[PDB]
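S.K.: Pasting a structure here, questions to come.
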């Protein structure tokens, strides 16, 4: 820094200590100035050498000031889909609004291995953040295809706006294209599916310790990587790769990627994919439980953390993310008009007035979900799931003592079938003052209540007693049309207290 | 330290070193042995009146936005703001000349996270009348310096003006030697402006970041009175220039001169940008865009690429579609020649301008020079005098201007038309007129001053000759017209030999 400098356009002072370790290479002709690991460039940066220096010497002379302007070049190139190529860039860039496939073919060349001929492209579009560029290949991919920036190209300029910045120029060595991950989805507590536009190879007699040595697991920001490896890694149908993980070795928002320079796999035995940090889209695993707390509302216990826009939602937001699937598989319309997440772990929805519940329904995440995120952050890995849905299980709601010789309970769904027999009187409910509190029981016309005759008049102590549904009982089943859609009733979260119903005064 | 005086009395302006800021509860006492600070004679010491506790006021107050005022504080502050009542409890507004406003202009307040700046939002942008002040209220008990247990703020003997910045300031280049610099509102300058005031107000810098020093001979006001125009004797422009208000502004102000506030300097400097200064249609199918600097075009300039960088437009403001046949950048790098499909694609009054966010036309290089930018008001297409000019008589010349035109009444012909001989030597003209047909123009040259070979032209700076609309004015041409001879007649001299009245030698 005492001999060199790096100044911005119009800056009255030079950047302080920008160079971490300046070096020389080639035939003493390549001044490789290593910058900071997280340095920053500024549009149209200017290099120069401070006045009257002596550190860098040549013959008996010393380099004297004369300023130059820095220009950018490419950084990386991946094949993300069968016909899409994600070229990385070092700094933000831009292309001039209307940008045809001719212009991209004008300013980038993909040539065959050990060749300098051009390969056609269908079109190109910048990325969202601007640090990447996406190219559509007009032909099949073969290992060895390379890309470079064409000399004299000027439409591709670093900086946020084209009207102010330098232009990328060709690197001496074209950037070799290698493929990479397309996406990845959570499939269970200890699995994940990965999509590749490739073929692939297995490590013969695989070993437990090696799967980790290839790929990696990243935290939310992508800085830290989890310690222990995972149990297996293989190949599957639809050109996929399976990564079965160790128990509890997942953290919400974590990404996954192969490690720099790995050679454990090779497409066509001659080229392998490089590093790319890839999110993981969660789903409603088998730990998710649902319950019909009342005849017009649901509750779901999210296994991981989540988040929604604002905190109350109108109808269309919940509809666009969630489904009420029949027991047969079909999809019903506008089941939900208001949902919310409280605590980022409890999801409560509300079947609308025009909607209603039927036995055997299930709650599953919508295909094409775009609003229900799998992190406490407003921007994170969204749920995407179209497979197994959650059962939903009804329970009791309200209870009251009709008189000193009768108890009454109300339900959140009908059971108006004929299955009701006397065993439900003493088998489906528990009162914590007697093992067999009742002697007889009868249903209502609409199946939304039961009246139990007690064994001893007044054995219920109004205000103190508690009545709740027995766990893992099989006598009382929802009013379904068959065995496939009659989920069994389950206990409330908190036991209900019986209060006598009488004229206060 | 130094002593300054105002209406409330004489004050001492004491300074602390940058390493020791002020803390709540400190006190200032006259030191034994003082000799420098004198009234009639030096100050004594040791009396109980020499020691005084120090109490806080606010550091500054600025108008960051049309409805935003930022007040920096002399220390970390413990204040609680919740409603308009709190804002009116601490801060009282006022007007220029110590006058009092009938209603408060405040809406809500907001303390910064670090407690060193409070934003103040007005009800509307019309509430901030020019020359308004701010202060603290008598015995306000809310704001504190030193936590809850510290000491409150205090009123200051004088109110503090709010200094406005030029938010939304863009500096563009109109001519080779002139630059505009627009301001956020109706502004003003001292009536008797001189170069000292001009150069005390604005600053200029080159690409390297070194101060240009005193370029501005004069400056004036824009027609919409929302900006300043600055002029220079000779061109200096380069790619990478910037501009800003200096830190000692006392000339550019918000509102009336006698009551306004001088502008602060902008937060960020405003790089200069070139535009189109004039459009001289040099022949019936060729338009030359006069340029104010060295310009660079695409290495190959096609009809599509040149149609990304102009806008032809009728007088009423309707874009014209089929115009461009080719565009070639001129040798001098100060003009652009756009050829036309036919002589009809231009009508009287039509106008031209640059298309925004284009990357072709740039300043001195297609790589790093900034591209041109659109003009606030599109440019008029001046018709250069290139139509036929045929010598009708030894004293009168005829010019068949192709378009409908009108000419000023009573204007001095010497400022409109001229005649050029060999070597560029101009010649005087006597009179001039325009015909009833609205096209033909007659030039009354002095007798015998014209010699076969000379060419007619248009005086620089002329404003008398205009098209029908009365707002477009003619301009000189490169070669004028090689005025041709027209014979008058022949006389009945004799039966065998006739003499023909050839107009010139």
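Residue numbers (PDB author numbering), protein chains in the order written: chain Y, 380 to 884; chain A, 3536 to 4040.
Even for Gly, the Cβ is constructed at its ideal location relative to N, Cα and C.
According to the neighbour-count rule (16 or more other Cβ atoms, all chains shown, within 10 Å of its Cβ), is residue 3557 of chain A buried or exposed?
M.R.: Residue 3557 of chain A sits at position 22 when you count from the first residue of the second chain. Looking at its Cβ environment, which holds fewer than 16 other Cβ atoms inside 10 Å, residue 3557 of chain A is exposed.
S.K.: Have a look at residue 505 of chain Y and residue 512 of chain Y and give me their C-alpha separation to the nearest angstrom.
M.R.: Translated into the one-based positions of the first chain, residue 505 of chain Y becomes position 126. Translated into the one-based positions of the first chain, residue 512 of chain Y becomes position 133. Approximately 5 Å, taken between the alpha carbons.
S.K.: At which residues does the beta strand (DSSP E) containing residue 3576 of chain A begin and terminate?
M.R.: As a working note, residue 3576 of chain A is residue 41 in the second chain. It is not in any beta strand (DSSP E) - residue 3576 of chain A carries neither H nor E in the DSSP assignment.
S.K.: Please determine, among Y/883, Y/850, Y/425 and Y/877, the residue with the shortest C-alpha to C-alpha distance to residue 870 of chain Y.
M.R.: Walking along the first chain from the start, residue 870 of chain Y turns up at place 491. Nearest option by C-alpha distance: Y/850.
S.K.: Do we get a CB-CB distance below 8 Å when we pair residue 3824 of chain A with the residues of chain D?
M.R.: Any reference to chain D falls outside this structure, whose protein chains are Y and A.
S.K.: Along the stretch 3737 to 3748 of chain A, what residues have a CB closer than 7 Å to any CB found in chain Y?
M.R.: Hits within the stretch, in order: 3740, 3742 and 3744.
S.K.: Return helix, strand or coil for residue 879 of chain Y, following the three-state DSSP convention.
M.R.: By one-based count along the first chain, residue 879 of chain Y stands at place 500. Looking at residue 879 of chain Y - three-state DSSP - the assignment turns out to be strand.
S.K.: Nearest-angstrom Cα distance between residue 491 of chain Y and residue 409 of chain Y?
M.R.: For this step, residue 491 of chain Y is matched to residue 112 along the first chain. For this step, residue 409 of chain Y is matched to residue 30 along the first chain. Approximately 29 Å between the Cα atoms of the pair.
S.K.: By DSSP's criteria, residue 845 of chain Y is part of a beta bridge. Which residues make up the other side?
M.R.: Position 466 of the first chain, counted from the first residue, corresponds to residue 845 of chain Y. Paired residues: Y/876.
S.K.: In this structure, what does DSSP give as the bridge partners for residue 3753 of chain A?
M.R.: The residue given as residue 3753 of chain A occupies position 218 in the second chain. A/3766.
S.K.: Classify residue 524 of chain Y as buried or exposed, calling it buried when 16 or more other Cβ atoms lie within 10 Å of its own Cβ.
M.R.: The sequence position of residue 524 of chain Y within the first chain is 145, counting from 1. When all chains shown are included, residue 524 of chain Y counts as buried.
S.K.: Going by CA-CA distance only, name the one from A/3879, A/3968 and A/3863 that's closest to residue 3819 of chain A.
M.R.: If you number the second chain from 1, residue 3819 of chain A lands on position 284. Comparing Cα-Cα distances from residue 3819 of chain A to each of A/3879, A/3968 and A/3863, the minimum goes to A/3879.
S.K.: For residue 725 of chain Y and residue 3698 of chain A, what's the separation of their Cα atoms in angstroms?
M.R.: Taking the first chain and counting its residues from 1, the one referred to as residue 725 of chain Y is at position 346. Taking the second chain and counting its residues from 1, the one referred to as residue 3698 of chain A is at position 163. One C-alpha to the other measures close to 52 Å.
S.K.: On the DSSP bridge assignment, give the partners of residue 384 of chain Y in chain order.
M.R.: As a working mapping, residue 384 of chain Y is identified with position 5 in the first chain. Y/427.
S.K.: Return the Cβ separation of residue 3679 of chain A and residue 3612 of chain A in integer angstroms, given the expectation that the two are a contact with Cβ distance under 8 Å.
M.R.: Position 144 of the second chain, counting from 1, holds the residue named residue 3679 of chain A. Position 77 of the second chain, counting from 1, holds the residue named residue 3612 of chain A. Yes, they are in contact, since the Cβ atoms of residue 3679 of chain A and residue 3612 of chain A sit about 7 Å apart, within 8 Å.
S.K.: Using 8 Å as the limit for Cβ to Cβ distance, is residue 682 of chain Y near chain A?
M.R.: Translated into the one-based positions of the first chain, residue 682 of chain Y becomes position 303. It does not; no Cβ of chain A falls within 8 Å.
S.K.: Where do the ends of the alpha helix (DSSP H) carrying residue 3819 of chain A lie?
M.R.: Residue 3819 of chain A sits at position 284 when you count from the first residue of the second chain. No alpha helix (DSSP H) holds residue 3819 of chain A; DSSP gives it neither H nor E.
S.K.: Run the CB neighbour count on residue 3895 of chain A, radius 10 Å, all protein chains shown included, and call it buried at 16 or more, exposed below.
M.R.: Here residue 3895 of chain A refers to the residue found at position 360 of the second chain. Residue 3895 of chain A comes out buried.
S.K.: If residue 792 of chain Y sits next to residue 738 of chain Y, beta carbons under 8 Å apart, how far is it from one beta carbon to the other, in whole angstroms?
M.R.: Translated into positions along the first chain, residue 792 of chain Y becomes position 413. Translated into positions along the first chain, residue 738 of chain Y becomes position 359. At roughly 7 Å, the Cβ-Cβ gap stays under 8 Å, so residue 792 of chain Y and residue 738 of chain Y are in contact.
S.K.: Report the neighbours of residue 3903 of chain A on chain Y: residues whose CB is nearer than 7 Å to its CB, in chain order.
M.R.: As a working mapping, residue 3903 of chain A is identified with position 368 in the second chain. Those within 7 Å of residue 3903 of chain A in chain Y are 423, 448 and 545.
S.K.: So which residues on chain A does residue 419 of chain Y lean against when the C-beta distance must stay under 7 Å?
M.R.: For the purposes of this step, residue 419 of chain Y is identified with residue 40 of the first chain, where counting begins at 1. The premise fails here: residue 419 of chain Y is roughly 17 Å from chain A at the closest Cβ pair, so nothing lies under 7 Å.
S.K.: Report, in whole angstroms, the separation of the C-beta atoms of residue 460 of chain Y and residue 561 of chain Y, which I expect to be a contact under 8 Å.
M.R.: Here residue 460 of chain Y is taken as the residue at index 81 of the first chain, counted from 1. Here residue 561 of chain Y is taken as the residue at index 182 of the first chain, counted from 1. Going by Cβ atoms, the distance from residue 460 of chain Y to residue 561 of chain Y rounds to 6 Å, so yes, they are a contact pair.
S.K.: According to the neighbour-count rule (16 or more other Cβ atoms, all chains shown, within 10 Å of its Cβ), is residue 801 of chain Y buried or exposed?
M.R.: One-based indexing of the first chain puts residue 801 of chain Y at position 422. Its Cβ having fewer than 16 others within 10 Å, residue 801 of chain Y is exposed.
S.K.: With contact counted as at least three CB pairs below 8 Å, one residue from each stretch, are the stretch 3848 to 3864 of chain A and the stretch 3794 to 3812 of chain A in contact?
M.R.: No: the two stretches stay apart, fewer than three of their Cβ pairs being nearer than 8 Å.
S.K.: Nearest to residue 743 of chain Y by CA position, among Y/785, Y/777, Y/734 and Y/698, is which residue?
M.R.: Reading the first chain from its first residue, position 364 is the one you call residue 743 of chain Y. Measuring from the Cα of residue 743 of chain Y, the nearest candidate turns out to be Y/698.
S.K.: List the endpoints of the continuous beta strand (DSSP E) containing residue 695 of chain Y.
M.R.: Within the first chain, numbered from 1, the residue matching residue 695 of chain Y stands at position 316. No beta strand (DSSP E) contains residue 695 of chain Y, which is instead part of the alpha helix (DSSP H) from 694 to 698.
S.K.: Determine, for residue 476 of chain Y, whether the minimum Cβ-Cβ distance to residues of chain A falls below 8 Å.
M.R.: In the first chain, the residue the question calls residue 476 of chain Y occupies position 97. Yes, because at least one Cβ of chain A sits closer than 8 Å to the Cβ of residue 476 of chain Y.
S.K.: For residue 3935 of chain A, count neighbouring Cβ atoms within 10 angstroms of its own Cβ and tell me buried if that reaches 16, exposed if not.
M.R.: As a position in the second chain, residue 3935 of chain A is number 400, starting the count at 1. Exposed: under 16 other Cβ atoms inside 10 Å.
S.K.: Just checking: is the beta-carbon of residue 331 of chain Y within a distance shorter than 8 Å of some beta-carbon in chain A?
M.R.: This structure gives no information on residue 331 of chain Y, because the portion of chain Y shown stretches from 380 to 884.
S.K.: By alpha-carbon positions, which one of Y/880, Y/577, Y/465 and Y/721 ends up nearest to residue 782 of chain Y?
M.R.: If you number the first chain from 1, residue 782 of chain Y lands on position 403. Checking every option, the nearest Cα to that of residue 782 of chain Y belongs to Y/880.
S.K.: Which bits of chain A does residue 389 of chain Y rub up against, with CB to CB less than 9 Å?
M.R.: Residue numbering aside, residue 389 of chain Y sits at position 10 when the first chain is read from its first letter. Correct list: 3740, 3741, 3742, 3743, 3744, 3775, 3776, 3777, 3804 and 3806.
S.K.: Who are the neighbours of residue 3892 of chain A on chain Y, taking C-beta pairs under 9 Å?
M.R.: Here residue 3892 of chain A refers to the residue found at position 357 when the second chain is read from its first residue. Per Cβ cutoff of 9 Å: 475, 476, 540, 541 and 542.
S.K.: Between the Cα of residue 3905 of chain A and the Cα atoms of A/3777, A/3987, A/3766 and A/3883, which residue gives the shortest distance?
M.R.: Locating residue 3905 of chain A in the second chain gives position 370, where the first residue counts as 1. Checked all of A/3777, A/3987, A/3766 and A/3883; the closest Cα to residue 3905 of chain A is A/3777.
S.K.: Quick one, which of Y/790, Y/564 and Y/489 has its alpha-carbon nearest residue 867 of chain Y's?
M.R.: The count along the first chain starts at 1 and reaches residue 867 of chain Y at position 488. Closest by alpha carbon: Y/790.
S.K.: Which residue or residues does DSSP assign as beta-bridge partners of residue 614 of chain Y?
M.R.: Within the first chain, numbered from 1, the residue matching residue 614 of chain Y stands at position 235. DSSP lists Y/620 as partners of residue 614 of chain Y.
S.K.: I'd like to know if residue 386 of chain Y contacts chain A, where contact means its C-beta is closer than 8 Å to some C-beta of that chain.
M.R.: Reading the first chain from its first residue, position 7 is the one you call residue 386 of chain Y. Closer than 8 Å to some Cβ of chain A, the Cβ of residue 386 of chain Y qualifies, so yes.
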